[PDB]
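Chains as they are written, first to last, in PDB author numbering: chain B, 9 to 327; chain B', 9 to 327. A prime marks a further copy of an entry chain.
Using N, Cα and C, we set each Cβ at its ideal position, and we do this for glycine too.
2 protein chains.
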Amino acid sequence: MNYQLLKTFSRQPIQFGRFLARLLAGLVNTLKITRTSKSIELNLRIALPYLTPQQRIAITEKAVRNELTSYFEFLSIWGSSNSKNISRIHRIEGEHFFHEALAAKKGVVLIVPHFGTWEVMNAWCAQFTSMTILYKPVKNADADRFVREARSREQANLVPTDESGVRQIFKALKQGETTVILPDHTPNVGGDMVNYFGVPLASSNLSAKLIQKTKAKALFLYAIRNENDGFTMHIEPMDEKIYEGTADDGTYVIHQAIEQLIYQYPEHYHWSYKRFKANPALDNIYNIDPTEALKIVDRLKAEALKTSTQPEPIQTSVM
Amino acid sequence: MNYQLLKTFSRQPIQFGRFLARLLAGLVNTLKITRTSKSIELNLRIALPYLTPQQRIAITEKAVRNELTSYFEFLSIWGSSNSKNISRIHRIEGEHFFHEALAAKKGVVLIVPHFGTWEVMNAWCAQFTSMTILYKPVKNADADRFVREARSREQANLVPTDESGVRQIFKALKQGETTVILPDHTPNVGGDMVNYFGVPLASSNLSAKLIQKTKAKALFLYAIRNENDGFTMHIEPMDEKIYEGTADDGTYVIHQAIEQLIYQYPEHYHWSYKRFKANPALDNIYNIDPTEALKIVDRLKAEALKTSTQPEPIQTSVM
Ligand SMILES: CCCCCCCCCCCCO[C@@H]1O[C@H](CO)[C@@H](O[C@H]2O[C@H](CO)[C@@H](O)[C@H](O)[C@H]2O)[C@H](O)[C@H]1O
Ligand SMILES: CCCCCCCCCCCCO[C@@H]1O[C@H](CO)[C@@H](O[C@H]2O[C@H](CO)[C@@H](O)[C@H](O)[C@H]2O)[C@H](O)[C@H]1O
Ligand code: NA
Ligand code: NA
Ligand code: NA
Ligand code: NA
Ligand code: NA
Ligand code: NA
Numbered sequence: 009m010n011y012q013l014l015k016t017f018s019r020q021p022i023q024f025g026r027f028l029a030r031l032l033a034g035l036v037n038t039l040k041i042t043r044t045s046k047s048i049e050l051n052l053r054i055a056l057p058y059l060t061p062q063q064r065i066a067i068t069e070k071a072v073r074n075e076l077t078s079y080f081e082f083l084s085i086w087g088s089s090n091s092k093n094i095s096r097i098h099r100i101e102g103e104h105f106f107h108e109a110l111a112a113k114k115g116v117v118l119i120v121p122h123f124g125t126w127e128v129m130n131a132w133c134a135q136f137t138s139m140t141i142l143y144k145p146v147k148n149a150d151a152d153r154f155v156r157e158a159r160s161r162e163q164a165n166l167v168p169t170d171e172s173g174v175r176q177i178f179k180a181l182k183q184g185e186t187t188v189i190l191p192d193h194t195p196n197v198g199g200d201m202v203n204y205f206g207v208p209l210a211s212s213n214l215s216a217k218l219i220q221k222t223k224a225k226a227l228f229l230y231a232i233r234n235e236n237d238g239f240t241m242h243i244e245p246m247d248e249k250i251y252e253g254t255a256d257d258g259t260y261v262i263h264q265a266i267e268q269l270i271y272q273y274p275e276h277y278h279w280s281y282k283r284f285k286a287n288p289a290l291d292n293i294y295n296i297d298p299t300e301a302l303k304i305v306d307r308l309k310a311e312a313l314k315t316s317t318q319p320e321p322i323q324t325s326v327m
Numbered sequence: 009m010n011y012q013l014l015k016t017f018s019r020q021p022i023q024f025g026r027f028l029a030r031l032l033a034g035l036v037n038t039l040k041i042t043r044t045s046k047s048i049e050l051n052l053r054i055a056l057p058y059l060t061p062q063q064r065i066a067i068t069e070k071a072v073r074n075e076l077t078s079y080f081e082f083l084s085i086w087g088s089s090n091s092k093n094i095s096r097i098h099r100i101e102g103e104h105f106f107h108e109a110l111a112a113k114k115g116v117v118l119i120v121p122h123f124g125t126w127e128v129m130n131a132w133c134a135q136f137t138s139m140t141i142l143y144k145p146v147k148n149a150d151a152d153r154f155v156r157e158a159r160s161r162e163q164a165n166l167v168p169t170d171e172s173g174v175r176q177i178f179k180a181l182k183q184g185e186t187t188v189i190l191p192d193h194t195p196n197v198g199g200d201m202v203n204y205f206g207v208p209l210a211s212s213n214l215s216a217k218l219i220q221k222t223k224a225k226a227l228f229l230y231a232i233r234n235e236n237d238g239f240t241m242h243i244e245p246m247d248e249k250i251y252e253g254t255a256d257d258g259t260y261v262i263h264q265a266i267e268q269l270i271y272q273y274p275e276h277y278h279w280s281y282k283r284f285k286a287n288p289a290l291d292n293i294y295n296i297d298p299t300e301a302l303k304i305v306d307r308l309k310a311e312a313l314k315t316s317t318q319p320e321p322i323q324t325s326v327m
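Laid out in structure tokens, this is it:
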């Protein structure tokens, strides 16, 4: 369909192609593009060490393509009506757990890793529940309008990423409603050193804090595109251990679920994010040479296992 | 206008964003993008040695952006009606020479370097003359349809890039009509070693052959975008020396005109093309390390000047 493609490329005002070319040109001229590719490949090195160098490149290439594809699909999703987006949901596994958790009326925490095409699940979810979501305003103003408009359409209640937003989320849960937390980025402020692929990383405790206090039901969700179709969406109950222990133990149970998802579907995780920076030993690992980076990481995964048998709280010390 | 941009990005079918992402992904995954950037910078090294390293990067970056911009503008031009494209011509310098050459009824050869946004001149030119143009079918089939459709709309007579097309062009000129030759690429088959920025390069003789035999008028044409507007188009008569000597002497006069254009507007030449490969000493200069490449080129620009004082035809020998 290269032609109906060009047929609309060529139908738009000429300043549109100009604006798009300057955007691409900025990327080709900043080396932001090849910096991304090496971060993906370093991340795969760290999280999936058993890949051959041949398998890494194959997954790196599918991941580059798949993450890029998801952002375009996000645009399509955000510019589409709710019914169109709901119709994009081809199949759902585990729908039962979602309606059941709604039935319990103790709240629902949807745990969504940066994986596949998660934005497509919102319109479908929103027809069964009120949704309250953390929202960081987007730097550029028109992107923020375009996203806020799409959230307005999907009925989402946006709250600030601060304590007042957390309070509104707690309130939403206590009223039997739903929240979506993306738990797998490094928090801007704080928090807890929790192992991620064997590496202690500064991690959010928000999901566990919400769940363990309110006894809300925790569901693990992700959606993967089907070749020239819509998306299969997967709803899985979080292991009941998430309710036990400290918030950090709950966060660790969330980390295990993400790891298992990544193990099965490494090409569908969004590897561009520089997650493994979030350790005081690892602040520079994306700047330095990858093979030294990996020596530092391997150094650290070993210390952390040896220090966990030791009575001393070494890895969770934040300094 | 980032929003009305996204407003149509998001209005298209989701498989459209998918197709576009796979295209980008292919480029980021092939290193075709950073290969292009080093070819541009090597070309500027060769043709514009007086640039500081600081000035090169600035022009490299504007050239990357400007060549990319021209291809998007070509799409817009090819998908636009003739009147829309004519309206995109903001100003014309030297229109007089064009109507006068048409008046002489000995034919008109429009010499168009790969520079700026040349496709925008066609619709304007075609309202005064019949145009016959060499056409190589585009590899991909829908691109070929999209381009052939645009040429059909612009009234262009397409002829094959072989002797039969050259014959049709000669016939068109003898009937007082017009042809457009892009003279500044390396021919697929043959031809003559003519200095380009001091470097003997295998070059087309077609423009000079046409002009010197038929006594058609030769015009030098180029168009440059105006910041968020259309394009200024420039029509300049070729130096009368183009009629003198051999076809290769005529080609050299064409090369001087392109060099002067590049000197004034280096950011508007399409530097991605690997022009300086076209010498038996230079076949690998884009693969090797640029600083050795440039030693080989500097070696060659010196030999060529020393051999031109020598009675021996060294540089024009093809082996
Ligand atoms: C017009 C250009 C074409 C767009 C195609 C590629 C654009 C994507 C590149 C940006 C890369 C990551 O960019 C990141 O995107 C996410 C969504 O995933 C934005 O996220 C924003 O919307 C999402 C979804 O409601 C929320 O989770 C978040 O709170 C909010 O800030 C981030 O603000 C931005 O940092
Ligand atoms: C949908 C993708 C978006 C397109 C944006 C970028 C695409 C451009 C990248 C291609 C780079 C150079 O690509 C080159 O383009 C020229 C036009 O300049 C094509 O040229 C084709 O049309 C032109 C114009 O009628 C003729 O001069 C030529 O005889 C014909 O083959 C070449 O066949 C192709 O080799
Ligand atoms: Na692992
Ligand atoms: Na969404
Ligand atoms: Na703890
Ligand atoms: Na020069
Ligand atoms: Na044209
Ligand atoms: Na000669």
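Proximity test, residue i beta-carbon vs ligand 2 heavy atom, cut-off 8 Å
i, result
"B'/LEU35", "no"
"B'/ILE141", "yes"
"B'/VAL146", "yes"
"B/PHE24", "no"
"B/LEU110", "no"
DSSP three-state assignment for residue i, whether helix, strand or coil
i, result
"B/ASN130", "helix"
"B'/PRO168", "strand"
"B/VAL197", "coil"
"B'/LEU181", "helix"
"B'/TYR271", "helix"
"B/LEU290", "coil"
"B'/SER316", "helix"
"B'/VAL146", "coil"
"B'/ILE304", "helix"
"B/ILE322", "coil"
"B'/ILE22", "helix"
"B/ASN295", "coil"
"B'/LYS15", "helix"
"B'/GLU162", "coil"
"B/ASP192", "coil"
"B/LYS282", "coil"
"B'/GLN135", "coil"
Per DSSP, cross-strand counterpart(s) of residue i
i, result
"B/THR187", "B/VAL117, B/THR140"
"B'/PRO208", "B'/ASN203"
"B'/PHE123", "B'/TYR277"
Distance cut-off 8 Å: residue i Cβ against heavy atoms of ligand 6
i, result
"B'/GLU275", "no"
"B'/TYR260", "no"
"B'/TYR251", "no"
Residue i: CB within 8 Å of a non-hydrogen atom of ligand 3
i, result
"B/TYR11", "no"
"B/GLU49", "no"
"B'/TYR58", "no"
Any non-hydrogen atom of ligand 1 within 8 Å of residue i CB
i, result
"B/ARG159", "yes"
Heavy atom of ligand 8 within 8 Å of residue i beta-carbon
i, result
"B'/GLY199", "no"
"B'/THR254", "yes"
heavy atom of ligand 5 below 8 Å from residue i C-beta
i, result
"B/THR324", "yes"
"B/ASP297", "no"
Contact test: residue i Cβ vs ligand 7 heavy atom, cutoff 8 Å
i, result
"B'/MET241", "no"
"B'/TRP86", "yes"
Near ligand 4: residue i beta-carbon under 8 Å from a heavy atom
i, result
"B/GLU81", "no"
(request) Answer yes if the stretch 207 to 217 of chain B' comes into contact with the stretch 285 to 303 of chain B', meaning at least three C-beta pairs across the two stretches below 8 Å, and no otherwise. (result) yes
(request) Let me know the alpha helix (DSSP H) ranges lying completely inside the stretch 214 to 259 of chain B', each 4 residues or longer, listed in chain order. (result) 214 to 222
(message) As an exercise, report each continuous alpha helix (DSSP H) stretch of at least 4 residues that is fully enclosed by the stretch 25 to 67 of chain B, in chain order.
(response) 40 to 55
(request) Could you pull out every unbroken beta strand (DSSP E) segment of at least 3 residues lying fully inside the stretch 65 to 105 of chain B, listed in chain order? (result) 97 to 101
(message) Counting beta carbon pairs with one atom in the stretch 36 to 46 of chain B' and one in the stretch 37 to 51 of chain B, are three or more of them shorter than 8 Å?
(response) yes
(message) Quick test of the definition: if touching needs 3 or more C-beta pairs under 8 Å, does the stretch 250 to 262 of chain B touch the stretch 147 to 155 of chain B?
(response) no
(message) With three or more C-beta pairs closer than 8 Å as the rule, is the stretch 94 to 108 of chain B' touching the stretch 232 to 247 of chain B'?
(response) yes
(message) For the stretch 119 to 127 of chain B' against the stretch 178 to 198 of chain B', do three or more pairs of beta-carbon atoms, one drawn from each stretch, fall closer than 8 Å, so that the two count as touching?
(response) Yes: at least three Cβ pairs fall under 8 Å.
(message) Contact between the stretch 214 to 229 of chain B' and the stretch 176 to 187 of chain B' is defined here as three or more beta-carbon pairs at a separation below 8 Å; is this criterion met?
(response) yes
(request) Please determine if the stretch 101 to 112 of chain B' and the stretch 71 to 81 of chain B' are in contact, where contact requires at least 3 C-beta pairs separated by less than 8 Å. (result) No: fewer than three Cβ pairs fall under 8 Å.
(message) Would the stretch 45 to 62 of chain B count as touching the stretch 193 to 203 of chain B' if we require 3 or more Cβ pairs under 8 Å?
(response) no
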